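Colleague: Take this structure, written in structure tokens, and hold onto it; I'll ask about it next.
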2 protein chains.
Amino acid sequence: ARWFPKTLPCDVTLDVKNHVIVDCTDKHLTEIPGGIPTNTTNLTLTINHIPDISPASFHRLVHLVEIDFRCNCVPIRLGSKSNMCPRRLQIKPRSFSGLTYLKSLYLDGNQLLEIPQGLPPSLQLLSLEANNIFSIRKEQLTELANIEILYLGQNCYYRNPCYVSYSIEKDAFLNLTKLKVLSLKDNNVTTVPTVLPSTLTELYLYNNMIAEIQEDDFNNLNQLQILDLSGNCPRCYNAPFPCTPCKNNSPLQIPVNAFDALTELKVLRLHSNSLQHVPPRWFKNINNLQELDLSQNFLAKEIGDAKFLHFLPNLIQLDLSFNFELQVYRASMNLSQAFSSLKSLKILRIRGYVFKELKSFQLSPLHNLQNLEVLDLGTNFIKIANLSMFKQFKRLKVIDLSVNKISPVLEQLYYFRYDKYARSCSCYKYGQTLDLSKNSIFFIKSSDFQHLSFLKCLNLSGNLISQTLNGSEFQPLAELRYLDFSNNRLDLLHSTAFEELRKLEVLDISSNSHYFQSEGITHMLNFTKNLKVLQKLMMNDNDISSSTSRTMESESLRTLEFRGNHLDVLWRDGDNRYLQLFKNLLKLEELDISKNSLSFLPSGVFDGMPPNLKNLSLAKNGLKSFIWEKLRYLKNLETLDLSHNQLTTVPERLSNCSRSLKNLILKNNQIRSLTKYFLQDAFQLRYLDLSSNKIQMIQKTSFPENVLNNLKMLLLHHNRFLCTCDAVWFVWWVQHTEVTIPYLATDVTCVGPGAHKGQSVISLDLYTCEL
Amino acid sequence: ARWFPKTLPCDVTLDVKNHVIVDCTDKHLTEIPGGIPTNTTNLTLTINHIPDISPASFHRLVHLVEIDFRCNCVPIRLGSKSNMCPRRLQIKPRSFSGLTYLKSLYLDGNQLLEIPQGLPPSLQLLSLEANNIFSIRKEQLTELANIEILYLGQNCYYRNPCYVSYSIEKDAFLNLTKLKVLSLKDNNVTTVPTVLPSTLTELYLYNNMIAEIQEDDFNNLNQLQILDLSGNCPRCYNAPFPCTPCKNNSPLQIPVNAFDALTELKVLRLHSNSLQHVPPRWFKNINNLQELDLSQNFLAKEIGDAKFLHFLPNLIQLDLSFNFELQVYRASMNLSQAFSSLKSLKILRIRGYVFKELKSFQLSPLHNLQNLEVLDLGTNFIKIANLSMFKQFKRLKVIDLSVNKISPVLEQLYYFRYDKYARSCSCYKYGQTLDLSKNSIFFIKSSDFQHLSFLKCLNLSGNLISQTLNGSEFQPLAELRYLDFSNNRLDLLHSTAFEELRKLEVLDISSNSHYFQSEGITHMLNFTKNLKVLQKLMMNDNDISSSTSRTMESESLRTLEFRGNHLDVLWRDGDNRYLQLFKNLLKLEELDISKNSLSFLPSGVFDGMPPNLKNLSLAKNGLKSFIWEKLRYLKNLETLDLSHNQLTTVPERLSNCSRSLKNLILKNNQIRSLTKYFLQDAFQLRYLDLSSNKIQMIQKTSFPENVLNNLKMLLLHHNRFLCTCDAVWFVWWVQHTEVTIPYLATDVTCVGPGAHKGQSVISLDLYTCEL
Ligand SMILES: *[C@@H]1O[C@H](CO)[C@@H](O[C@@H]2O[C@H](CO)[C@@H](O)[C@H](O)[C@H]2NC(C)=O)[C@H](O)[C@H]1NC(C)=O
Ligand SMILES: *[C@@H]1O[C@H](CO)[C@@H](O[C@@H]2O[C@H](CO)[C@@H](O)[C@H](O)[C@H]2NC(C)=O)[C@H](O)[C@H]1NC(C)=O
Ligand SMILES: COCCOc1nc(N)c2[nH]c(=O)n(Cc3ccccc3)c2n1
Ligand SMILES: COCCOc1nc(N)c2[nH]c(=O)n(Cc3ccccc3)c2n1
Ligand SMILES: *[C@@H]1O[C@H](CO)[C@@H](O)[C@H](O)[C@H]1NC(C)=O
Ligand SMILES: *[C@@H]1O[C@H](CO)[C@@H](O)[C@H](O)[C@H]1NC(C)=O
Ligand SMILES: *[C@@H]1O[C@H](CO)[C@@H](O)[C@H](O)[C@H]1NC(C)=O
Ligand SMILES: *[C@@H]1O[C@H](CO)[C@@H](O)[C@H](O)[C@H]1NC(C)=O
Ligand SMILES: *[C@@H]1O[C@H](CO)[C@@H](O)[C@H](O)[C@H]1NC(C)=O
Ligand SMILES: *[C@@H]1O[C@H](CO)[C@@H](O)[C@H](O)[C@H]1NC(C)=O
Ligand SMILES: *[C@@H]1O[C@H](CO)[C@@H](O)[C@H](O)[C@H]1NC(C)=O
Ligand SMILES: *[C@@H]1O[C@H](CO)[C@@H](O)[C@H](O)[C@H]1NC(C)=O
Ligand SMILES: *[C@@H]1O[C@H](CO)[C@@H](O)[C@H](O)[C@H]1NC(C)=O
Ligand SMILES: *[C@@H]1O[C@H](CO)[C@@H](O)[C@H](O)[C@H]1NC(C)=O
């Protein structure tokens, strides 16, 4: 099909407008490759080991609007220790001055000592994060007259130390009259640099050594929308990065008038500034403020008073998390009445207040916040809460009591990571959610959920629930669509478990292995019959090796996850009793029986499958053999996942095994060669992964072109390809096909013979085979 | 050193007396190898694919006392499905008649249709388990006149069906006048064969279809010591193998006088015979009975009466497990007073009686059993037990309440596997043990252990204990030496946790990841300081990535297991705070820090190790690099485990890195070659494992003979050895060395060049390299 093989080790993409995008991310390059198109608008060379840039680098590439050249020499402590960068990136004079249309230049993570000079006046975005530039001088910024976005952070901090204070000359940035975004985070800065251009919308000064704000510091910044001063005078208790507090337990000192000019301010972040008081006067001339982060201060007392809230009627989010007093376990949470001023508030987070008992009235300041959607009281060591108090919170989307000690999306390292916005080189959608995960609930009964019939998802994941559910425990939860009961100890003595949840669409009972791990106890896996609208059942990692019921039954269920169990034991060769375990799941479309130690599949398994099975996984089973002909029984099979097993062969004729099969995943097996007519007449096939096997040769008979050319994708990487004259067809076909084959640059490689060892097949000249 | 290389693919061992033991177990043989020594006494050829035996097989081997030729054609359902046996083993005439001294012949698992004829009269043991011989005729046993031990079981059952009843001619075995042991288990037998020779000591008739015992079936068996009739009329409820009960819920019917002749009987197994009553009259003329198994019957009621116990004053073990009535949850356990007649009883097991509440007086029948050592009341769904009742059981070695629902060694498939004696092809030693594992204990306090100060080991593994231990919870356990607290939710707010256990030698807090998995909670890992005689601490799989204490301290601790945590995060490059975490464990000799995602080791780690570290594991870390010179800091290092990582190199000179190092494990890495002088002057080295790497060449310089010849073991298997003329030394050395190198038969193999591919280096003739 293709007249000229793409030999360039980079992905190439058009988009008309008006971009030619060349992506060489992580291609182990030591040089900018030759042959990059002349029309290239966006060139990405991130994560390679290109030791320099010169006028030759970009000579022909005059239409470049963006160079992303990040992490070609990452600082020692941030980067790989197996392949350390020997010496800082070298940038020779006039390497960029030619690039008349260059709007964006990323040079992060290259150990640069200075702001590269000779940059073109078209430049809008310059990024220099994670270099060794720790002294900014007005003279070096004159080239940046038209610059709008300037990232200078992470040049002086514990992962990349400069061993001195950061220095910024007086008025360094003032004459940058178009600068909108300035980031000087993670830099050992000691004072807000001044005067700043008034054109700024976003100023990031967090994680620095600024002990005081002068009353003038933000005087002219009347366009500023985001200000972040977090992590100056940090709260260091249980900090999981090195942490130096301001001396004398001092807070970051901010004059009461410091923010007066900031009338456009939308976001103010004062996380981890050791604040003991939040003076109302701060917010006098800011009315448009939407997001305020006061997490990680010492505001426990202030939470009970908080007069400043009366000045914040447009505030959408408020974070007061991790303000607890050291060594104190409060009896209760004292929320000021001032919380009732927050007419616009959608999200309130008060993790880590740390208190024993939550009572209904303590939340009364929140009762009339009409727009409140999220109340997050996680990680509080709450021991006692009458859950019925949430009858007054039907309007909320999420009530998060996660990680508490109750008994009758944000990343998991969010509040405690160093820089949550550092650049590297779920049942909420069902409706109202009560997250009780990771608590101490050992016993449940109906009245625990009294007045909570509005709930659509309940998360009980990671409690201690160890009882014989009989259908009486959740009786009030008449609307519940999702129940996450994972990480408990479900005891399925009774097949009536869960049947009171009459609207239940999704049930997770994964990781309830405790009672399935024990011998000669009853287990009623036919409990599914009673749940008439159940769509998805997850029963992963339960170690299930025995069952009292021979069959699971459902008229509704579409997806069953049954991974990490012992069907190998249930289907012990010679025992027929459980071969139809899934057969009466009549609408079942997706079955995951990966990680079940199925070395082999007894005969009967495929006949036993329910008639509409579409997506079957047998991954990670140690399968050593597989009667491919038995796929004939699975008349609606579309996706078959046999990844990570020990198969040594493919079928003689795939078309003779299944007429429906579209996606066949055979990665990570022991396949040494393909059968002579493997894919012959397999017209349905659209996706074939044969990566990470031990294949030497592929001949045309096995891979007919009328089948290959309808493939959306064909994965061949990490095999043992022998590039002799017998491979002439494969090598040609690979070089000239339209079919998408990932990693042709990286990992489609001859292992021999000698001459061609280690070489990419895409680059292979086999002219000697046609003399 | 050796003049003639051992080329035979079998392990060969002398023992003077007077045995030449040739072991070819699992060597993928399709033929009996040539060159087996003529003096061979014991030849084992188990698990190979040798399709026949003939007079050539053993022609020269006239001193053979034993042939173990098991599983060269295992029945379809018991054996491998990837390599099924095509056709039953063929035994030609007169293959054994020469073997005049043959005392033992195992031919199990070969699909034999008949009892091999022409066997020598010296034969004492014949084993034919898992063949297809399901009709025994007196005529075929005339060859076995001197036989003592005859195993005929597993020839007709669900894993290897014959589709008919087993047949034994009248008096078939009678004229075998030396037969001591007869096993006809798992055979679809319908009646006790008669008459049996009176010389029998052991008779195994379990797992069969015998509905009745005739009163004379065991009349003449006055030497019989073991009788097993289990699994005839089985109790089939929650059976995890296919199970057909006798009709009408009938028991195995046994006349009251059936055992009268059995005066020597020591062991009687009546497991899973659906017995409702145990008539005293059975035991009238058996006084020497030591072991009785009555598990898996319907003896719940009978346990409360049990008059038969008065006839059993010499009984050592009694098993009454899994006698519960279906659908009944008794309030209490009713043990007859008759239990007090059991003067000799050491072991009593009553698992699966199934009851709610255990009370002190219910065990009073056991109060004066002076020899009682084990009381096992596991798997009973006990909800309530005042543990102080065990103040009356100081003399016991083990009190097992494992797998219950309390809240104030036997294999895990023991009671419910088909044939617990089927042949395939711990803190008890500290003193008194109370096993509370896998219960529902959510909260502990001191009084829970009142009157239990005698305890040496307590197993709390797998409870729900989720509290902030402060040193008050275990105060009475003044003698406790071992605490298994694994699989709980330890909350280490307080460094005083566990300090009341003043005699504690071993603490397991593994798999208490719950509170270490959460961010910005306190964790006092310095709790170790208070435990003055603590020798071993296990804190595996806790996911530990943060710690409030910088250092762990102990004057006593010798062994710390810290595997499955996140030291990679604690030692994040640039953070120095935790680099001395283990340093003040002054007597630490063994440290396991495998599975900690340590891609690299930051500098400081080895300087941070405590000074007497001997045994270090860094296995399974994905280590991509390792500064070998840093081993100089570990001045007492003896064993270093770097298995399962990604190391590509060894040190230039191992001796220059450590003077103390004796055992170096480098298996499962990516090592492609050895340094020129790798082991030069490494005089301390005794064990080197380089198996499963990618090594092509080993030269003499790297492996000097003065170092090699002090090695206890040297592992080289599963590498990528190239057998060219450059390998001449290695191939010679390997063939001629005394040094133990396992798997020379199986997996020390040339990968090339072409000519020698797949060939063992032991067998390699490289004469062309000296032509
Ligand atoms: C932040 O700047 C301070 C100086 O303000 C650096 O601290 C100096 O570091 C050297 C070498 O570690 C010491 O000998 C000096 O005495 C230090 N001075 C002070 C005042 O502490 C600090 O290392 C810088 N931080 C980073 C991460 O580079
Ligand atoms: C044990 O013997 C019984 C009969 O004594 C076998 O059962 C017969 O099996 C055949 C073929 O399956 C059937 O046609 C008959 O219905 C069965 N007869 C009866 C009376 O049940 C049984 O197959 C044998 N078991 C094994 C495991 O070999
Ligand atoms: C030892 O086996 C006893 C019967 O099986 C079995 N399996 C469970 N999962 C139970 N949970 C459980 O509580 N019991 C006890 C029980 C027994 C009968 C009636 C009511 C409660 C259980 N018994
Ligand atoms: C969220 O920040 C909590 C501070 O740390 C922290 N860590 C634990 N592991 C506790 N267990 C625990 O019960 N608490 C609450 C507490 C706090 C102070 C005094 C006594 C009890 C815990 N608090
Ligand atoms: C190309 O560069 C422009 C300007 O920097 C940018 O807006 C656009 O999103 C880029 N496209 C990419 C990386 O695909
Ligand atoms: C429930 O909470 C757990 C544990 O915190 C989390 O993994 C899971 O995503 C939640 N489940 C759902 C369905 O939201
Ligand atoms: C479920 O299990 C078995 C039948 O397989 C039976 O004992 C029980 O009554 C059944 N109950 C339901 C709801 O299917
Ligand atoms: C050798 O055979 C004899 C007779 O069967 C037996 O007693 C002995 O255990 C055997 N020795 C070994 C090591 O297998
Ligand atoms: C215990 O068991 C028997 C039933 O076999 C009954 O007769 C006896 O009286 C019971 N005793 C007590 C104290 O429960
Ligand atoms: C437990 O029994 C003991 C008698 O050994 C007694 O001291 C104690 O009061 C009982 N405890 C409870 C909680 O019933
Ligand atoms: C405690 O019990 C568990 C079984 O529940 C077992 O794995 C462990 O070995 C026991 N602990 C000790 C120290 O024997
Ligand atoms: C330890 O906890 C117990 C009970 O929770 C309490 O009696 C005691 O005061 C605690 N010890 C200390 C020093 O707080
Ligand atoms: C553990 O560390 C804390 C400070 O981090 C200290 O208060 C405490 O006493 C230490 N405990 C021991 C037992 O050394
Ligand atoms: C390593 O070898 C060099 C050269 O013999 C020597 O100077 C140095 O002391 C040696 N170090 C150790 C730890 O043996």
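Identifiers for the structure tokens are assigned positionally: chains receive A, B, ... in sequence, residues are indexed from 1 per chain, and ligands are indexed from 1 in the order shown.
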Using only C-alpha atoms and all ligand atoms, which protein or nucleic acid residues are at most 8 Å from ligand 11, as a PyMOL selection string?
Modeller: chain B and resi 402-403+426-428+435-438+457-462+482-484+508
Colleague: How about saving the chosen residues, N, CA and C atoms kept, as a tab-separated table (two decimals), in the first residue's frame?
Modeller:
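This is the output file result-v9.tsv:
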```tsv
chain	number	residue	atom	x	y	z
B	402	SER	N	-9.44	-21.68	66.22
B	402	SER	CA	-9.29	-21.15	64.87
B	402	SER	C	-10.58	-21.22	64.04
B	403	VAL	N	-10.90	-20.15	63.35
B	403	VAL	CA	-12.00	-20.12	62.39
B	403	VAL	C	-13.32	-20.22	63.11
B	426	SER	N	5.31	-21.43	62.71
B	426	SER	CA	4.50	-22.04	63.75
B	426	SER	C	5.09	-21.84	65.15
B	427	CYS	N	4.23	-21.57	66.11
B	427	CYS	CA	4.64	-21.18	67.45
B	427	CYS	C	4.40	-22.22	68.52
B	428	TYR	N	3.98	-23.44	68.12
B	428	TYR	CA	3.74	-24.54	69.07
B	428	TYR	C	5.00	-24.84	69.91
B	435	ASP	N	-4.82	-20.57	69.97
B	435	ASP	CA	-4.99	-20.14	68.59
B	435	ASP	C	-6.36	-19.50	68.45
B	436	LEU	N	-6.40	-18.17	68.37
B	436	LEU	CA	-7.65	-17.45	68.12
B	436	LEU	C	-7.69	-16.91	66.71
B	437	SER	N	-6.89	-17.48	65.79
B	437	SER	CA	-6.86	-16.94	64.45
B	437	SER	C	-8.23	-16.99	63.75
B	438	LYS	N	-8.43	-16.10	62.79
B	438	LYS	CA	-9.62	-16.08	61.95
B	438	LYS	C	-10.90	-16.10	62.80
B	457	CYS	N	2.34	-18.67	73.45
B	457	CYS	CA	2.04	-18.12	72.12
B	457	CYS	C	0.56	-17.84	72.01
B	458	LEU	N	0.21	-16.69	71.47
B	458	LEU	CA	-1.17	-16.36	71.22
B	458	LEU	C	-1.29	-16.04	69.76
B	459	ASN	N	-2.24	-16.65	69.07
B	459	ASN	CA	-2.46	-16.36	67.66
B	459	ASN	C	-3.72	-15.53	67.51
B	460	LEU	N	-3.56	-14.25	67.18
B	460	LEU	CA	-4.67	-13.37	66.89
B	460	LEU	C	-4.74	-13.09	65.41
B	461	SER	N	-4.02	-13.86	64.60
B	461	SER	CA	-3.97	-13.58	63.19
B	461	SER	C	-5.34	-13.59	62.58
B	462	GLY	N	-5.69	-12.60	61.79
B	462	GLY	CA	-6.91	-12.63	61.02
B	462	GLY	C	-8.14	-12.31	61.82
B	482	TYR	N	5.53	-15.43	71.98
B	482	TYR	CA	5.24	-15.21	70.58
B	482	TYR	C	3.89	-14.58	70.49
B	483	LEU	N	3.77	-13.49	69.74
B	483	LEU	CA	2.44	-12.97	69.39
B	483	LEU	C	2.33	-12.84	67.89
B	484	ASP	N	1.37	-13.55	67.32
B	484	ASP	CA	1.00	-13.40	65.92
B	484	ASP	C	-0.20	-12.49	65.89
B	508	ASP	N	4.73	-10.82	65.21
B	508	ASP	CA	4.27	-10.68	63.84
B	508	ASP	C	3.16	-9.63	63.72
```
Colleague: Which residues, written as a list in words, have at least one atom at most 10 Å from residue B:566, with only C-alpha atoms counted and residues fewer than 6 positions away on the same chain left out?
Modeller: residues 541, 542, 543, 544, 545, 546, 572, 593, 595, 596, 597 and 598 of chain B
Colleague: Could you list, as a PyMOL selection string, every residue within 7 Å of residue B:652, counting only C-alpha atoms and ignoring same-chain residues fewer than 2 positions away?
Modeller: chain B and resi 650+654+675-678
Colleague: Taking only C-alpha atoms into account and nothing else, which residues of chain A lie no more than 7 Å away from chain B? Please answer as a list in words.
Modeller: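 That gives the following set of residues: residues 77, 81, 82, 158, 159, 238, 240, 241, 242, 413, 416, 464, 519, 520, 522, 546, 548, 573, 574, 575, 600, 624 and 625 of chain A.
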Colleague: Can I get the selected residues back with N, CA and C atoms, as a compact mmCIF listing (two decimals), in the first residue's frame?
Modeller:
```
# COMPACT_ATOMS: atom_id res chain seq x y z
N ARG A 77 18.73 13.54 41.05
CA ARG A 77 17.77 12.98 42.03
C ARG A 77 16.36 12.73 41.51
N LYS A 81 18.51 6.37 37.78
CA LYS A 81 19.83 6.07 38.33
C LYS A 81 20.60 4.99 37.52
N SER A 82 19.87 4.15 36.78
CA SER A 82 20.50 3.18 35.86
C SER A 82 21.10 3.86 34.62
N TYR A 158 14.63 20.39 47.54
CA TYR A 158 15.32 19.20 48.05
C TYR A 158 15.63 18.13 46.98
N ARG A 159 14.80 17.99 45.95
CA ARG A 159 15.09 17.01 44.88
C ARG A 159 16.10 17.57 43.89
N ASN A 238 4.29 15.25 60.66
CA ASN A 238 4.12 14.10 59.73
C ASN A 238 4.20 14.45 58.25
N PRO A 240 5.63 14.20 54.68
CA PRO A 240 6.38 13.12 54.03
C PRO A 240 7.35 13.63 52.97
N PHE A 241 7.89 14.81 53.19
CA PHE A 241 9.02 15.32 52.42
C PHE A 241 9.80 16.10 53.47
N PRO A 242 11.09 16.39 53.25
CA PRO A 242 11.80 17.25 54.20
C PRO A 242 11.12 18.62 54.29
N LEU A 413 -2.49 10.12 47.66
CA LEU A 413 -1.52 11.09 48.22
C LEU A 413 -1.85 12.46 47.58
N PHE A 416 -0.94 15.37 51.36
CA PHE A 416 0.38 15.22 51.94
C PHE A 416 1.54 15.08 50.94
N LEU A 464 -15.42 -4.08 58.57
CA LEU A 464 -15.16 -5.34 59.24
C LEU A 464 -16.39 -6.26 59.21
N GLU A 519 -12.78 -24.39 54.49
CA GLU A 519 -13.30 -25.65 54.00
C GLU A 519 -14.63 -26.03 54.69
N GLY A 520 -15.59 -26.50 53.88
CA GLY A 520 -16.79 -27.16 54.42
C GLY A 520 -17.76 -26.29 55.20
N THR A 522 -20.86 -23.38 54.22
CA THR A 522 -21.81 -23.19 53.11
C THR A 522 -21.52 -21.89 52.35
N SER A 546 -15.02 -23.69 46.29
CA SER A 546 -16.11 -24.60 46.61
C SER A 546 -17.39 -23.79 46.61
N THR A 548 -21.84 -24.35 47.33
CA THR A 548 -22.98 -25.17 47.64
C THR A 548 -23.95 -25.21 46.46
N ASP A 573 -10.44 -32.02 37.23
CA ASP A 573 -10.74 -32.95 36.18
C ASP A 573 -11.42 -34.20 36.79
N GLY A 574 -12.58 -34.54 36.24
CA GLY A 574 -13.42 -35.61 36.78
C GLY A 574 -14.66 -35.19 37.55
N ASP A 575 -14.74 -33.93 37.93
CA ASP A 575 -15.90 -33.39 38.63
C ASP A 575 -16.65 -32.46 37.67
N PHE A 600 -5.36 -25.81 32.52
CA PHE A 600 -6.09 -26.39 31.39
C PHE A 600 -7.55 -26.13 31.65
N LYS A 624 -1.42 -24.02 29.75
CA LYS A 624 -0.40 -24.70 28.95
C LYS A 624 -0.97 -25.28 27.69
N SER A 625 -2.29 -25.34 27.58
CA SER A 625 -2.92 -25.93 26.40
C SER A 625 -4.32 -25.39 26.30
```
Colleague: May I ask which of the residues B:743, B:733, B:606, B:361 is the closest one to residue B:9, counting only C-alpha atoms?
Modeller: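 Among the listed residues, the smallest separation from residue B:9 belongs to B:743.
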Colleague: Based on the backbone DSSP call, show me all residues of stretch 136-203 of chain A assigned strand (DSSP E), as a PyMOL selection string.
Modeller: chain A and resi 136+149-151+167-168+181-183+202-203
Colleague: Show me, as a list in words, the residues that have an atom within 8 Å of residue B:605 when counting only C-alpha atoms, minus same-chain residues fewer than 4 positions from it.
Modeller: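 That gives residues 579, 580, 601 and 609 of chain B.
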Colleague: Can you work out which residues are within 10 Å of ligand 8, considering only C-alpha atoms and all ligand atoms, and then hand them over as a ChimeraX atom specification?
Modeller: /B:13-15,17-23,40-44,64-68,101-106,123-126
Colleague: Can you tell me which residues sit at most 9 Å away from ligand 2, counting only C-alpha atoms and all ligand atoms, written as a PyMOL selection string?
Modeller: chain B and resi 155-166+186-190+208-209
Colleague: Could you name the residues that touch residue B:657 at 12 Å or less, counting only C-alpha atoms, but leaving out those on the same chain fewer than 4 positions away, as a ChimeraX atom specification?
Modeller: /B:626-635,637,650-653,661,678-682,684
Colleague: Restrict the selected residues to N, CA, C and O atoms and save them as a short mmCIF file (atom, residue, chain, number, x, y, z; two decimals), in the first residue's frame.
Modeller:
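See again23.cif below for the written result:
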```cif
data_model
loop_
_atom_site.label_atom_id
_atom_site.label_comp_id
_atom_site.auth_asym_id
_atom_site.auth_seq_id
_atom_site.Cartn_x
_atom_site.Cartn_y
_atom_site.Cartn_z
N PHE B 626 23.33 -1.13 40.92
CA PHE B 626 23.82 -1.44 42.23
C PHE B 626 25.30 -1.09 42.28
O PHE B 626 26.10 -1.73 41.61
N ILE B 627 25.65 -0.10 43.11
CA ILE B 627 27.06 0.21 43.42
C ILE B 627 27.60 -0.85 44.37
O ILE B 627 27.45 -0.76 45.60
N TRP B 628 28.26 -1.85 43.78
CA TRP B 628 28.86 -2.97 44.54
C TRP B 628 29.88 -2.56 45.60
O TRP B 628 29.97 -3.21 46.65
N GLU B 629 30.61 -1.48 45.34
CA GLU B 629 31.63 -1.00 46.28
C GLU B 629 31.01 -0.67 47.62
O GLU B 629 31.69 -0.79 48.64
N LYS B 630 29.72 -0.28 47.64
CA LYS B 630 29.07 0.10 48.90
C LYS B 630 28.88 -1.06 49.90
O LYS B 630 28.60 -0.83 51.06
N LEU B 631 29.10 -2.28 49.47
CA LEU B 631 29.15 -3.42 50.35
C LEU B 631 30.29 -3.38 51.38
O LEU B 631 30.24 -4.07 52.42
N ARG B 632 31.32 -2.60 51.09
CA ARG B 632 32.37 -2.33 52.06
C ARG B 632 31.86 -1.86 53.42
O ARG B 632 32.45 -2.21 54.43
N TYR B 633 30.79 -1.07 53.45
CA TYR B 633 30.19 -0.67 54.72
C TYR B 633 29.63 -1.83 55.57
O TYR B 633 29.57 -1.73 56.77
N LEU B 634 29.21 -2.92 54.94
CA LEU B 634 28.55 -4.02 55.64
C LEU B 634 29.60 -5.05 56.07
O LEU B 634 29.76 -6.12 55.46
N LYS B 635 30.32 -4.71 57.12
CA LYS B 635 31.55 -5.41 57.47
C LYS B 635 31.33 -6.85 57.96
O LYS B 635 32.26 -7.65 57.96
N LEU B 637 28.72 -8.81 56.54
CA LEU B 637 27.79 -9.38 55.58
C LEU B 637 28.24 -10.74 55.11
O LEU B 637 29.37 -10.89 54.66
N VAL B 650 28.00 -7.74 37.16
CA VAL B 650 28.64 -8.12 38.41
C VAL B 650 29.82 -7.15 38.65
O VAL B 650 30.31 -6.48 37.70
N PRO B 651 30.30 -7.07 39.91
CA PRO B 651 31.49 -6.26 40.16
C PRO B 651 32.75 -6.77 39.45
O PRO B 651 32.86 -7.97 39.18
N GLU B 652 33.67 -5.85 39.15
CA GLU B 652 34.97 -6.15 38.54
C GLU B 652 35.76 -7.11 39.39
O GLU B 652 36.36 -8.04 38.86
N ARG B 653 35.77 -6.84 40.69
CA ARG B 653 36.43 -7.71 41.67
C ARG B 653 35.57 -7.82 42.93
O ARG B 653 35.47 -6.89 43.72
N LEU B 661 31.74 -11.78 52.57
CA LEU B 661 30.60 -12.37 51.82
C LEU B 661 30.83 -13.82 51.47
O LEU B 661 31.85 -14.13 50.86
N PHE B 678 36.13 -11.37 38.13
CA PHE B 678 34.97 -11.36 39.01
C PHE B 678 35.25 -12.00 40.36
O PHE B 678 35.21 -11.31 41.37
N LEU B 679 35.57 -13.30 40.39
CA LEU B 679 35.79 -13.99 41.67
C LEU B 679 37.23 -14.07 42.14
O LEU B 679 37.51 -14.73 43.15
N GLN B 680 38.13 -13.34 41.50
CA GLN B 680 39.55 -13.36 41.94
C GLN B 680 39.74 -13.05 43.44
O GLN B 680 39.30 -12.03 43.93
N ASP B 681 40.38 -13.97 44.14
CA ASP B 681 40.71 -13.88 45.56
C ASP B 681 39.52 -13.78 46.51
O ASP B 681 39.70 -13.51 47.71
N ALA B 682 38.32 -14.10 46.03
CA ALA B 682 37.15 -14.15 46.89
C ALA B 682 37.15 -15.38 47.77
O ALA B 682 36.26 -16.21 47.65
N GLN B 684 36.42 -16.06 50.80
CA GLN B 684 35.28 -16.31 51.69
C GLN B 684 34.05 -16.93 51.02
O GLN B 684 33.23 -17.54 51.72
#
```
Colleague: So which residues touch residue B:55 within 10 Å, counting only C-alpha atoms, skipping near sequence neighbours fewer than 3 positions away, as a ChimeraX atom specification?
Modeller: /B:58-60,91-98
Colleague: Could you jot down the atom CA of residue B:327 to atom CA of residue A:495 separation for me, Å, one decimal place?
Modeller: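 Separation of atom CA of residue B:327 and atom CA of residue A:495: 13.9 Å.
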